[PDB]
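Below is one structure; the comments refer to it alone.
Note that we place each Cβ from the backbone using ideal geometry, even for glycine, and neighbour counts take in every protein chain shown. Every read-out reported here was derived from the displayed coordinates using simple, explicitly stated rules and does not represent laboratory data.
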Ligand SMILES: [Mg+2]
Ligand SMILES: [Mg+2]
Ligand SMILES: [Mg+2]
Ligand SMILES: [Mg+2]
Ligand SMILES: [Mg+2]
Ligand SMILES: [Mg+2]
Ligand SMILES: [Mg+2]
Ligand SMILES: [Mg+2]
């Protein structure tokens, strides 16, 4: 199960570069040079890396210091064949964003956040990125009076509309992806799920330029079904990017390696992405636990790609099995794909076999046979077939 | 704190009429005649009642039996002044809906569900309802292979589009409201939150005819902030109806009386509905606990309306307090309402005070003073002011 | 992966016999005769069955009707070789238990509950049971004033002490196992976790006669780690019985077939039970989904035993792998098993290498190498080794 | 509602001294001198303060530096009348504790943790503390193979037994209190609830020396009823200390000011502590949100004490109301306090009115009248009585 750049696996600089600070503990690992991360990831078989502006260029850097951080990075990209398909803005670490970037109560902070964002869009375009992600981690509140949510959504729409106007006036080939999260670090975060972000996008001036960047663990922090949520995104034509990791239920954001946490949900997600032919990057937003040294950091990153490839094999075998294909027919998945009333409204109203003469007791007595189907999926997942 | 029909309080027949069957226990109360429920609710000061088709007309009734169930009901409505502002369809109790109504895998069940729905829309229009609610409680799955969610959303859109075509071809003055729920009775339910339902509506052929009917307890079953969710609905112009009750965290759907469960969230919800001038009915979808006899049933219903009126008083006092109005200015809620960049994009890009000359350390040092504000809200809620 | 009675798999009559009533829906399956259940389970390879009194003998039966229900049951047990290792009391379905059995506010209900329990202990002893389970599903409250919890724990201790006095005065060879659950059907249930039940047992007059009967899904309804909880039970010498099923997170009690829900936790549980040599029955308390007919009922029951046997194979292979045994040494699991200070207190206080001369920076820099270990467990679970 | 030292309100140095670092953000406030904290808290009306060793004495301090940190602190205590009733050990911040203190896999780390603990017990005794708290925040695991829980509980018992032997051999007047937490910062923490800690204590060599220190928010992170849990602690005679704060459901540990979060649960907790006459300190373990400057820090601390005093007034009024006292009799809370069978086992078995002649249908028909009672509690809480 060896990865190749063909598999389009990408990692953020901040993932393998996490030093291990949590709310109760100091760093257990030293800082990584972004040059060494690109090199070690290329040897593992990754396709590319992503960054926040402040991961690559330390906050407060002069214009010359900015120049050589970028130029060393580009040299490592050139030396390895590594791509940069996505980039994003840090609007959550500096104390100035403690009440938000785009929806901070202070007007002057909001304007700053937009200028800080615009500056990095230019850089992402320079480096070849096709997707620009926005994670509004500080947008929200800990108490009810602190934030009028309707005014906040007006400010959030204003910010995204202005960014839309910037990229089209520049002629940039880049699209935006909103990344939802229900809570942490704020008590409640605005646009808390994939659904809320999808609904919000339809009110932007140019909705074609915006999609979603869902994260496995984030929807699971609301106890939601992540494959179900991704299906609704694909059904709406809005899955621009995806963040893969593991999470063990409703609690703090664990960011475990992909495959850890809810293993069956990982299997159903891989099944769905491969079946629908999602062609974007398979991006890992995870943290190697702070119990680990650097050897365990690279072992954990290798594990992300390895688990994806195993699940892909098992899901392909599941769908290719003639016995599963007949069970799907037994469960009437073929009938679900057929229109309910292609004959139209008047014909349905005139169809006595749909009501007056419909035999409800016979239909009710039919088994769905879902449990035999699900055990075939288990058997395939576990390799007992 | 006496309710009057002016306050527009409504109750479902199935709420005060719940006999107390739960997954582990038999009924503790006998069945209510819908005639007696309308009478006892009118004396409590309610404005109206709502129904499922099968609450009013027992399933399998002939056309004559249907005729006198409706006619006795209309007589009680006439005798009391009680309204019927909403009605809905039972697509979840009969065994034939065990895999869903609109998205059942079996095509013939889907057609039946649509004919059963259409028949009750006619009746709701006859009785004066202006909102028709759809709660797809059986739409979803317990296992991943049982339901292809993209096909299911195609079937769900087909059903809602057909209902849209029916009411406009008839010239009916009625609009639809989708009621989300994340789980129970299925393992995962489709459109699990207000956000998912809002996003789905924008893909219907006639989106103006559809809104949402959120329930307090349902969003809290996903650990979400219910007032935040209602604000996004109002911001989108889609709050057609609301269901009020109480819930104690992430667990089974408790349906407690309104005010119970998360009391502070109830206060912030009432604040929001009154401040935005929501003019629809204040509908209670709750269950009197099965510990109670009929005297405790009516005591619990009285409690719903009473708690709403107390919270309304405390929230009005909060907003009218000159000391709270100055704290809101201290927290810069006035600045949140002002546009970030009414001067436009080019001016923002040319504004050095928004980046090059912006003093981030001074802005960061400013306190938001949210905790003083929130304690004023506490003091007002508890009546220590 | 064929089960044999050697594997000691048992099922409750109420599991395969569940008719499919949930809070929103009528039964989808007809009632099973307990005679046919014993026969179909024996052919699947089960070892035995368990019962509530009211599963076997319909409530309100005369003494003659009781006589032939038992006698038909015993004949089926004799015809199949099926055992009855556990039995329990229904103190939750009849309306008289709406506020509890052992801790009902009404004294006369509490006395009835004890007499109903005592009568079935006699029967369980007659049928050969060695464990008597108590699940206090109605013990608890929906509101804070309804139940003084200290008085309730006095009443709960009084009941269990009296049952203890009954079995020892009769000379019965039977022990009790308390089954915790955090909520549902009450808003909060007393003794909500394995921990609370373990602490309670130490205050009974004869603590040696009582242990716990934990359920997979119940601890997961509080977001807890079920293998961790079972380890604490084994460490205290109190794992008398276990209930196996699946559950998908914090929500209503799903009672899915074992292996479904959190698959990795099922693997770690099987690892622990086999490694510690737990010799009690492997009991399944599950519900075949109401989507299923009777063929899917037996398919789901077969699935429980099948998944246990696969996980047992994978866990044995994990522990037998020489490469995993060296990784465990790399992670210092051997050092965890060694005493911290067998040399005693004074020697530890006199040991400068434990404080004054301890090099904290060197110790901190050591990797735990937990992520390489965990991926070996993944590889073994998935059969990629 | 003015606090006085009579009310016995205490605060940790780390609470008002929190600088505002969270997993995604840098500090927003500067460090407090412990001298200024004691002074500002005394003026607010607090009774005392608590500390971790490393809050008071920076890690790595020499023996002289230790001498004047303590001596400046004692001078501020003397200047204000402030007490120090509790102290505890930091076994979670330094990287050396990344896999735990008492249950780290490395033996030499475990020995260090015990020596670091013993050193601070001596200091707490010197400063007058009567309770020593242990919060094992790093004890646990992120993956199943990393920690054998039975070996870990052997190591945890060994550590607590050794500390027990140390204080009794020294003749110290101090007792220990274990503080449970279900998760964060580890994926799962050992002894995750009040119940698990209570059960563990009964296996220590000298169980009389150990109790529990429960935290509001920690039990709510498992969705549990905190007043119920405190009742079981009081029933076992083990409530040695309590930590008060607010929390909004199952998510990260919010540590909000007391009264925030679940307000009704705060009311029922205050009712219980005052009714049972708990005489220990009312300790606040909270964090002023990082949105705040220092004026909002002291406003938030004032809010903790203020909300406690308001709830105490409302709960006293509730219990003193003659109409609530008669409702309690209506709900048969008086009967719950009476023994079920003081007449003994044989008399209960001979009592036909407890089974053969018991009229179950009459008993079942009685209403519990819990909803009228609970609305009286609401009315009293909100000051509408
Ligand atoms: Mg995350
Ligand atoms: Mg992410
Ligand atoms: Mg509900
Ligand atoms: Mg509802
Ligand atoms: Mg269960
Ligand atoms: Mg069970
Ligand atoms: Mg805490
Ligand atoms: Mg604490």
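Do we have residue D:260 as away from ligand 4 (no atom under 16 Å from the Cβ) and at the interface with chain B (Cβ under 8 Å from one of its Cβ atoms) here?
When the stated conditions are applied, residue D:260 passes them.
In segment C:12-34, what residues are touching a strand residue (DSSP E or B) at 6+ places or on another chain (Cβ under 7 Å), over 14 Å from residue C:253 (Cβ atoms) and within 14 Å of chain B (Cβ to nearest Cβ)?
C:12
Could you please find all residues in segment D:131-146 being touching a helix residue (DSSP H, G or I) at 6+ places or on another chain (Cβ under 9 Å) and part of a loop (DSSP other than H, G, I, E, B)?
Across segment D:131-146, the qualifying residues are D:136, D:137, D:138, D:139, D:142, D:143, D:144, D:145, D:146.
Quick one: in segment C:262-273, which of the residues that are within 16 Å of ligand 5 (Cβ to nearest atom) and surrounded by 23 or more Cβ atoms within 10 Å (Cβ to Cβ) is farthest from residue B:94 (Cα to Cα)?
Of everything passing the filter in segment C:262-273, C:269 is farthest from residue B:94 (Cα to Cα).
Can you tell me how many residues within segment C:318-344 are surrounded by 15 or more Cβ atoms within 10 Å (Cβ to Cβ), farther than 19 Å from residue D:141 by Cβ and within 7 Å of another protein chain (Cβ to nearest Cβ)?
Qualifying residue count for the region: 1.
I'd like to verify a number: residues in segment D:1-19 that are buried (at least 19 other Cβ atoms within 10 Å of the Cβ) and closer than 19 Å to residue D:256 by Cα, how many?
10
Name the single residue, out of those in segment B:305-317 being in contact with a strand residue (DSSP E or B) (Cβ under 7 Å, 6 or more places away or on another chain) and more than 10 Å from every other protein chain (Cβ to nearest Cβ), that is nearest to residue B:381 (Cα to Cα). Spell out the reasoning first.
Start the filter on segment B:305-317 by keeping residues that are in contact with a strand residue (DSSP E or B) (Cβ under 7 Å, 6 or more places away or on another chain), which leaves B:305, B:307-308.
Narrowing the set further to residues that are more than 10 Å from every other protein chain (Cβ to nearest Cβ) leaves B:305, B:308.
Working: B:305: 17, B:308: 12 Å.
Filtering first and then ranking leaves B:308.
Count, please, the residues in segment B:193-215 that happen to be within 16 Å of ligand 4 (Cβ to nearest atom) and touching a strand residue (DSSP E or B) at 6+ places or on another chain (Cβ under 6 Å).
6
Enumerate the helices (runs of 4 or more DSSP H) found wholly within segment D:299-385, keeping only those where 3 or more residues are under 20 Å from residue B:385 (Cβ atoms). Step through it out loud before you land on a result.
Numbers: elements: D:322-330, D:333-336, D:345-350, D:360-365, D:370-382.
Ranges flagged: D:370-382.
Restricting to segment C:130-154, name every residue that is closer than 23 Å to residue D:344 by Cβ, facing another protein chain (nearest Cβ under 7 Å) and buried (at least 24 other Cβ atoms within 10 Å of the Cβ).
Scanning segment C:130-154 gives a single hit, C:152.
Of all residues in segment C:156-189, count the ones that are within 16 Å of ligand 6 (Cβ to nearest atom) and within 19 Å of the chain's Cα centre (by Cα).
11
Within segment B:282-290, identify whether any single residue is away from chain D (no Cβ under 11 Å), within 16 Å of ligand 4 (Cβ to nearest atom) and farther than 30 Å from residue D:330 by Cα, and answer yes or no.
yes
Given the conditions (1) within 16 Å of ligand 3 (Cβ to nearest atom); (2) within 22 Å of residue B:143 (Cα to Cα), report the number of the one that residue B:219 does not fulfil.
(2)
For residue B:81, state whether it is crowded, with 23+ Cβ neighbours inside 10 Å and touching a residue at least 24 places away in the same chain (Cβ under 8 Å).
Against the criterion (crowded, with 23+ Cβ neighbours inside 10 Å and touching a residue at least 24 places away in the same chain (Cβ under 8 Å)), residue B:81 does not qualify.
Go through segment A:301-330 and give me each residue that's farther than 20 Å from residue A:274 by Cβ and in contact (Cβ under 8 Å) with a residue 60 or more places away in the chain.
A:301, A:302
Residues are listed down the side, and each one gets a yes or a no for (1) surrounded by fewer than 24 Cβ atoms within 10 Å (Cβ to Cβ); (2) within 13 Å of ligand 5 (Cβ to nearest atom); (3) within 21 Å of residue C:288 (Cα to Cα):
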{"residue": "C:194", "(1), (2), (3)": "no, no, no"}
{"residue": "C:199", "(1), (2), (3)": "no, no, no"}
{"residue": "C:202", "(1), (2), (3)": "yes, no, no"}
{"residue": "C:205", "(1), (2), (3)": "yes, no, no"}
{"residue": "C:216", "(1), (2), (3)": "no, yes, yes"}
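Hey, could you check segment D:252-262 for residues that are on the phi < 0 side of the Ramachandran plot and part of a loop (DSSP other than H, G, I, E, B) and say which is nearest to ligand 1 (Cβ to nearest atom)?
Only one residue fits best here, namely D:252.
For the condition in contact with a helix residue (DSSP H, G or I) (Cβ under 6 Å, 6 or more places away or on another chain), more than 7 Å from every other protein chain (Cβ to nearest Cβ), within 19 Å of residue D:6 (Cα to Cα) and surrounded by 16 or more Cβ atoms within 10 Å (Cβ to Cβ), what is the one hit in D:276, D:302?
Going through D:276, D:302 in turn, the sole match is D:302.
Being on the phi > 0 side of the Ramachandran plot and more than 22 Å from the chain's Cα centre (by Cα) narrows it down to one residue among A:81, A:100, A:128, A:144; which is it?
On the way: A:100 fails: more than 22 Å from the chain's Cα centre (by Cα); A:128 fails: more than 22 Å from the chain's Cα centre (by Cα); A:144 fails: on the phi > 0 side of the Ramachandran plot.
Step by step, each of A:81, A:100, A:128, A:144 is checked, and only A:81 is on the phi > 0 side of the Ramachandran plot and more than 22 Å from the chain's Cα centre (by Cα).
For segment B:218-250, what are the residues that are more than 16 Å from ligand 4 (Cβ to nearest atom) and either more than 7 Å from every other protein chain (Cβ to nearest Cβ) or at positive phi (or both)?
Matches in segment B:218-250: B:223, B:237, B:238, B:249.
Could you check segment B:242-252 and list, in sequence order, the residues that are surrounded by fewer than 23 Cβ atoms within 10 Å (Cβ to Cβ) and either within 14 Å of residue D:371 (Cβ to Cβ) or touching a residue at least 60 places away in the same chain (Cβ under 8 Å) (or both)?
Matches in segment B:242-252: B:252 only.
Among the residues of segment B:93-129, how many are assigned to a loop (DSSP other than H, G, I, E, B) and buried (at least 23 other Cβ atoms within 10 Å of the Cβ)?
9
Take the residues in segment D:168-192 that are touching a strand residue (DSSP E or B) at 6+ places or on another chain (Cβ under 8 Å) and surrounded by fewer than 21 Cβ atoms within 10 Å (Cβ to Cβ); name whichever of them is farthest from the other protein chains (Cβ to nearest Cβ). Spell out how you get there, then give the answer.
Filtering segment D:168-192 down to residues touching a strand residue (DSSP E or B) at 6+ places or on another chain (Cβ under 8 Å) leaves D:174-183, D:185-191.
Pick out the ones that are also surrounded by fewer than 21 Cβ atoms within 10 Å (Cβ to Cβ) and you get D:174-175, D:185.
On the way: D:174: 16, D:175: 18, D:185: 5 Å.
Only one residue fits best here, namely D:175.
Does residue C:90 fit the bill of being outside any helix (DSSP H, G or I), more than 26 Å from the chain's Cα centre (by Cα) and surrounded by 20 or more Cβ atoms within 10 Å (Cβ to Cβ)?
Spelling it out, it is not the case that residue C:90 is outside any helix (DSSP H, G or I), more than 26 Å from the chain's Cα centre (by Cα) and surrounded by 20 or more Cβ atoms within 10 Å (Cβ to Cβ).
Of all residues in segment D:72-87, count the ones that are in a loop (DSSP other than H, G, I, E, B) and under 11 Å from residue D:13 (Cβ atoms). Give the steps one after another, and end with the answer.
Step one: list which residues in segment D:72-87 are in a loop (DSSP other than H, G, I, E, B), which gives D:81-82, D:84-85.
Remaining after also requiring under 11 Å from residue D:13 (Cβ atoms): D:84.
Going through segment D:72-87 one residue at a time, the tally reaches 1.
Looking at (1) surrounded by fewer than 23 Cβ atoms within 10 Å (Cβ to Cβ); (2) within 14 Å of chain D (Cβ to nearest Cβ); (3) part of a loop (DSSP other than H, G, I, E, B); (4) free of Cβ contacts under 8 Å to residues at least 60 places away in the same chain, find the lone condition where residue B:295 falls short.
Single failed check for residue B:295: (3).
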